[PDB]
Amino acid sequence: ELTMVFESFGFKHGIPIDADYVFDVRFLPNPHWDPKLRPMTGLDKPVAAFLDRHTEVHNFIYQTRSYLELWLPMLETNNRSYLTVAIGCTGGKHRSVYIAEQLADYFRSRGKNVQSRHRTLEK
């Protein structure tokens, strides 16, 4: 079956070369100036809470998975092993990490074959 890859990255490091879709989340609320959140990542509960208190964050996740679901039946049959969705913020530590996690969890919940990767955190 098609493997759905959800990856976060920082635009400052360049777009990942395996991406098929790229979504920029630099318009979402930015935790960069709260000093307590700066050293954390979007895997951490305070950063997730900072993001989820804003309505547009859940709406971005919901609308993005809905958009992808329009094409998924045709992609699952596109001579294709992978569908790679890359979520980018500037540094790849906070917003993109959280959003990629939430998308990956949503598609896992739908029974899809999924994998996540955080390009900045893995360094």
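Quick note: we count residues from 1 along the sequence shown, nothing fancier.
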Between 54-62 and 36-44, point out the one with the higher average CA B-factor as the PDB entry records it.
-> 36-44
Out of 25-33 and 70-78, which one has CA B-factors that are higher on average in the deposited record?
-> 70-78
Rank-wise, by C-alpha B-factor, drop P16 into the lowest, middle or highest third of its chain.
-> lowest
Chain-relative CA temperature factor third for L121 = highest
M4: which third of its chain by C-alpha temperature factor?
-> middle
